[PDB]
Amino acid sequence: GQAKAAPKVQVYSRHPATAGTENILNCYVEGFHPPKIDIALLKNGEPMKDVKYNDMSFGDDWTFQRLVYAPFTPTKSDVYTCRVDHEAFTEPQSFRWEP
Amino acid sequence: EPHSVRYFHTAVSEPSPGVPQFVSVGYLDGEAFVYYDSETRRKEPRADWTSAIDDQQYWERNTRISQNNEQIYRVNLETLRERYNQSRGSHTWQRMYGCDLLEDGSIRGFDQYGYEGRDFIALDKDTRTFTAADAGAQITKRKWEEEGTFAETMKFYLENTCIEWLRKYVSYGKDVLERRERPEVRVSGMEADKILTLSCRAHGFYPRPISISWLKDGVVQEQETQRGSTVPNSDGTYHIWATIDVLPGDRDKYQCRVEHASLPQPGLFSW
Amino acid sequence: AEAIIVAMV
């Protein structure tokens with residue numbers, strides 16, 4: 001009966017990334033239904049500080065969208081990923097930022 | 001100069017972290033300006049220009065409406081659970097409505113409802129009927145139609161009240177709606193398996209509409225370019241990327257063409 | 001501004 005739609009996830013930075021510079025890291029999660037979801041921004045697998053969550057929205061196909069974001073200073077060492085858990089997945093999924 | 005106001009309602013039967021029982025967000029031209037959820041139970045701004053609203057009773061009047069809407073949708077979720085003969089559990093009720101004001105002054109309006117993420121019922125405002133997706137929805141189609149009140153009322157709201165607030169909103173939001181922010185482009189490359197992948201990223205453009213193209217010597221490589229969807233930044237600007245797989249040899253033949261209102265001519269960008 | 005009339009299914 002219920003729609004079961006899995007999200008697709010884009011990870012990206014507010015500005016072109018240059019190591020050592022102040023930036024904002026973005027995770028955009030779209031296309032999921034039902035709206036129950038867990039979205040996490042991870043620094044080297046660990047939880048990041050100062051994450052915000054803009055208001056959930058949705059579109060004409062009724063599926064939901066959410067922007068999770070956090071300030072960060074990217075470096076050549078660190079690995080930033082977005083971890084997304086939702087019942088249309090078989091298991092939590094990870095999405096990698098590319099600088 | 002077209003403009004839209006839209007309100008999005010989400011009501012769930014079992015809440016979860018991030019998902020209140022009831023949430024209403026108002027959008028002006030796709031940017032948010034009012035918020036209400038069932039945990040704080042007050043209307044609150046989401047854009048600073050809402051401080052220009054001169055109606056003193058605006059926030060308290062709209063709070064009570066939202067408090068009505070959450071009471072009624074709790075009831076609607078219950079009605080639909082019995083109608084569709086469902087168990088108690090996680091369930092979703094959703095509604096979009098609003099008006100558009102087009103370039104020539106004409107107007108459009110919409111009122112769509114969705115249950116469990118599928119269509120349910122939607123207003124055809126210019127025949128004053130509803131389209132039902134379902135036999136379950138036809139029960140609602142009949143109730144609203146035989147009573148004969150609701151379609152005429154929403155039609156009046158969409159064509160009238162909604163458009164009067166939109167003109168007021170568009171005027172208050174003048175600075176934010178009209179700004180232009182140039183995209184900041186970087187082109188990146190990666191050779192894997194004697195195949196070079198070229199990536200174009202446009203960061204921070206406003207307004208939303210943008211066209212991003214990969215060009216081999218000025219010719220569009222439409223069926224070879226893989227592009228992302230327009231995605232929001234935290235400041236109200238947007239982001240988009242487009243990649244192209246090429247032969248490492250042809251490499252200086254490729255240019256990324258970004259077309260956006262902030263640029264007097266399309267920007268050409270090489271690696 | 002949101003509509004005053006309520007939407008009872």
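Just so you know, these numbers use all the heavy atoms, side chains as well, and skip hydrogens, waters and symmetry mates. Just so it is clear: chains get the letters A, B, ... in the order the sequence lines come, proteins before strands, and each one is counted from 1.
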Without swapping roles, check the side chain of B:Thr237 against the backbone of B:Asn233 for a donor-acceptor pair under 3.5 Å. no
Sidechain-backbone polar pair: B:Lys141 side chain, B:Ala132 backbone, donor-acceptor under 3.5 Å: no
Please answer whether the main-chain N or O of B:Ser4 pairs with a side-chain N or O of B:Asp29 as donor and acceptor at a distance below 3.5 Å.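 Flag set: sc B:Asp29 to bb B:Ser4 pair under 3.5 Å.
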Closest approach of B:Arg142 and B:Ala135, non-hydrogen atoms and distance?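 Closest approach of B:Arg142 to B:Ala135: NH2-O, 4.4 Å.
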Hey, does the side chain of B:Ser66 reach the backbone of B:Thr63 with a donor-acceptor pair shorter than 3.5 angstrom? no
Donor-acceptor contact present, side-chain B:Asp100 to main-chain B:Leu102, <3.5 Å: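 Not at all, since once roles are kept as given, no pair shorter than 3.5 Å links the two residues.
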With a 4.0 Å cut-off, would you call B:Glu60 and B:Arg64 a salt bridge?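 Here B:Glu60 pairs with B:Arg64 in a salt bridge, since their nearest N and O are under 4.0 Å apart.
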Per-residue contacts, residues 146-155 of chain B versus chain C, heavy atoms under 4.5 Å: B:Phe150, B:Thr153, B:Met154
Where along residues 6-27 of chain B does a heavy atom come under 4.5 Å of chain C, listed by residue number?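 Under the 4.5 Å heavy-atom cut-off, B:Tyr7, B:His9, B:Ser24 qualify.
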Rounded to the nearest 0.5 Å, what separates atom CG in B:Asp119 from atom CD in B:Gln112?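 CD of B:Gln112 is found 7.5 Å from CG of B:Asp119.
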Should B:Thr129 and B:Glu145 count as side-chain neighbours, where that means a heavy-atom distance under 4.5 Å? yes
Spell out the residues in residues 37-46 of chain B that have some non-hydrogen atom less than 4.5 Å away from a non-hydrogen atom of chain C, in order of number; otherwise answer 'none'.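 B:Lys43, listed by number.
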Please check if the side chain of B:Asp111 supplies one atom and the backbone of B:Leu123 the other of a donor-acceptor pair under 3.5 Å.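 No: the side chain of B:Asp111 does not pair with the backbone of B:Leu123.
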For the student: nearest non-hydrogen atoms of B:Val5 and B:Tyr169, plus distance: CG2-CD1, 3.6 Å
As an exercise, state the distance from CZ of B:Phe120 to CG of B:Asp134, rounded to the nearest 0.5 Å. 7.5 Å
B:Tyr115 versus B:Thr92, closest heavy-atom pair with distance: CD1-O, 3.1 Å
Looking only at heavy atoms, what is the nearest atom pair of C:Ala1 and B:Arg61, with distance? CB-NH2, 4.2 Å
Quick one: which of B:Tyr73, B:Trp93, B:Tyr58, B:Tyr97 has the most heavy-atom pairs under 4.5 Å with chain C, could you say?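 The residue among B:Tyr73, B:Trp93, B:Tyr58, B:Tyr97 with the greatest pair count is B:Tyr97.
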What's the separation between atom CD1 in C:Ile5 and atom CD1 in B:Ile72, rounded to the nearest 0.5 Å?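 It is 10.5 Å, given to the nearest 0.5 Å.
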Residues B:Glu70 and B:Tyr36: closest non-hydrogen pair is OE2-OH, 2.7 Å
Residues of residues 157-168 of chain B with any heavy atom under 4.5 Å of a heavy atom in chain C: B:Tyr157, B:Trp165
Passes ring pair (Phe, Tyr, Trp, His ring centres under 6.0 Å), B:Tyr113 versus B:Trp144? Steps please. CA-CA 14 Å; B:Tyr113 304 68; B:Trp144 291 352; 5.6 Å; yes
